[PDB]
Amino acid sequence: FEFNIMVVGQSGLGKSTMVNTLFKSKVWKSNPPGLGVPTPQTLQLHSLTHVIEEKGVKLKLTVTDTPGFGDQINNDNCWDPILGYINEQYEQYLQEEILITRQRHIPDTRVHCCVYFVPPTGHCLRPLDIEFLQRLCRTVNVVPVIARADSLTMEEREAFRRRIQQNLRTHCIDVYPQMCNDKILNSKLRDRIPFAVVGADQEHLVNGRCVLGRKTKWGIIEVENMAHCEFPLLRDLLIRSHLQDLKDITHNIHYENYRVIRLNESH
């Protein structure tokens, strides 16, 4: 039924474009029309909702788009609006439970997974992103990705991925899937995280087939082709393979911890 995700990261990393790519993926039975217009810089936090379907199963997918950070001289406390929105949904869910005349089914607007966009510098994790991820992973599931990965070669993607994984362990950033016998499947996923993804809101004719891609002066970058980028790995993780596992952790771990602290401090 319901599933909510949110894109977070530095400004100019294709977060808004990735929102359109998730809804326009050719895996679903139908897609919204092609955009064909430059998306302006996101100034306000806003959520998009649409019902997608695959294999006859409908899903009410909600994606929250956020304004990018990291453009000021001093970016201190730039995580407050995003952390505030995450806790706002936990408070809404709690107030719906304690309502004396509460409805049968509680509307769930809690963020079930956060997609964190990392700049494709090719070096290591930035101190600004380290501070952001450490605060994020305490309250929400986080899956990091290498944004606009076509700016790096395949060799550069892998070397950058390994260096990101090194300082993730060094700074104790437990991203999803957390380490807490199917370890072989999650080890394969943790090997590829952060995914090297590419966004696209346009359809192009390549090899006689209509596919999503970015048209440049040298070729078409097919975003749903594993030979070009790893967007199918992110799409299958969020929507297909680990959808319920993300919701179970959000309700039983993250929201439960928020609810316990809220009720204990009120006696």
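Residue positions are given as counts along the sequence shown, with the first one as 1.
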**Message:** Does the chain run continuously from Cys180 to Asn181, or are deposited residues unmodelled in between? Answer none, 1 to 3, 4 to 9, or 10 or more.
**Reply:** 4 to 9
**Prompt:** With respect to the recorded C-alpha B factors, which stretch has the higher mean value, 126 to 134 or 167 to 175?
**Reply:** 167 to 175
**Request:** Take the C-alpha B-factors listed in the entry for 13 to 21 and for 240 to 248, compute each mean, and give the stretch with the larger one.
**Result:** 240 to 248
**Request:** Please work out which residue in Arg214, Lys29, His46, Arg235 has the highest C-alpha B-factor recorded for this crystal structure.
**Result:** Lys29
**Request:** Tell me which of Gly70, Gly199, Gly208, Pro67 tops the list for C-alpha B factor in the record.
**Result:** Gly208
**Request:** Name the third of the chain's ranked CA B-factors that contains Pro107, choosing lowest, middle or highest.
**Result:** highest
**Prompt:** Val140's Cα B-factor: lowest, middle or highest third of the chain?
**Reply:** middle
**Asked** Can you tell me which third, lowest, middle or highest, the CA B-factor of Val118 falls into for its chain?
**Response** lowest
**Prompt:** Taking the C-alpha B-factors as the PDB entry records them, is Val223 in the lowest, middle or highest third of its chain?
**Reply:** middle
**Request:** Using the B-factor values recorded in the entry, state whether the Cα atom of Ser151 falls in the lowest, middle or highest third among the modelled residues of its chain.
**Result:** lowest
